[PDB]
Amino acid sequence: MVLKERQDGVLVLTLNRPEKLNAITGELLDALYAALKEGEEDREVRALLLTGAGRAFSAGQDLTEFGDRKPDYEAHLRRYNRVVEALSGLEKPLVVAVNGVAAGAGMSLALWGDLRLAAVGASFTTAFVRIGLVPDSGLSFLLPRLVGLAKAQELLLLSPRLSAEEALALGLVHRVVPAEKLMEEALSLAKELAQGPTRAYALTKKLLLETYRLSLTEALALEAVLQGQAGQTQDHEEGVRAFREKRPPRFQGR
C-alpha cells in the first residue's frame, strides 16, 4: 500500500497503488499513518520524503471504495484527518515530490510537505467541487495560507487543472524539475535536511502551524517557550561552536 525505504536518515514513503493512480482508500491511509508514526518515532529518521508510484502522485479518494453504499463522509474522513494530524505534527522535515496528478485529497496531502517539488508534467486540481464536495483533508486550512485567499477562492470554486509551472508561480511547490530528475533532487534535498538541526525544524513547524490564530502577544510567548527548548539542545551548542570555529556544524537532531 505504502512502500518504505530508508537512506541516510531519510525515510522515503511511496504511495503504491500505481494502477489506480494511487487513489486513496482506508487501507492506504491506515498504512500511511502507520508509516508516519514509525518515522516520527525512529531516531534514525531525520527527514521524510513522500511521493507516488507510477504516473501520478495521487488522484485522491478512490470512488470504487464507496461502491453503491450511502455516503458517511463525516465519519469516512476520520482516517484522512488522523493522517493529516500526523503530517502536520511531524517533528522532522517533510519533503514532497509530486510526480504526476495530485487531485482532491491527493492534492491536500501533497501540500503538507514543508518543501515541495513538482516534476514537469505534474498537475494540481482541487477537484472536490467537480463532484459537489468541499475541500477536505486540511485543504481549506492550507490553501489560503499557502497561496493567499484570492487564489484559494479561484482554485477551490473553479477547480482548474494547474500545471507544475502554475503551481510554482503560486507557491504550491517551491521547485519544478524535469521528470527524470524529480526524485534525485527531492532525495538530495531530504538528505541535506536530514543533516540539519531537526529540533529547530520541528519547533519552527509548530510555530507556523499555530501562528494565524494567535495574537502577537501569544505568538511572542510561544516563541519564548519554544526558543527556550531549542536553546537547550546539543545542536544549538554545536551551532554556536561551529560558527565561532568557522567550521561546518555537525547536527544530530537533539
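So that there is no doubt, residue numbering starts at 1 and follows the sequence shown.
Asks: Quick one: higher average CA temperature factor, 66-74 or 222-230?
Replies: 66-74 has the higher mean C-alpha B-factor.
Asks: Take the C-alpha B-factors listed in the entry for 201-209 and for 35-43, compute each mean, and give the stretch with the larger one.
Replies: Taking the mean C-alpha B-factor of 201-209 and of 35-43, the larger value falls to 35-43.
Asks: Going by the recorded CA B-factors, say which third of the chain residue 172 sits in, lowest, middle or highest.
Replies: Middle third, going by the recorded CA B-factors of the chain.
Asks: Lowest, middle or highest third of the chain for the C-alpha temperature factor of residue 13?
Replies: Within its chain, residue 13 is a middle-third residue by C-alpha B-factor, going by the deposited values.
Asks: Considering only modelled residues of the same chain, in which third does the CA B-factor of residue 100 rank: lowest, middle or highest?
Replies: Answer is highest: the recorded C-alpha B-factor places it there.
Asks: Select lowest, middle or highest to describe the third in which the CA B-factor of residue 82 falls within its chain in this entry.
Replies: Middle third by C-alpha B-factor.
Asks: Quick check for you: using the entry's CA B-factors within this chain, is residue 51 in the lowest, middle or highest third?
Replies: According to the entry, residue 51 has a C-alpha B-factor in the chain's lowest third.
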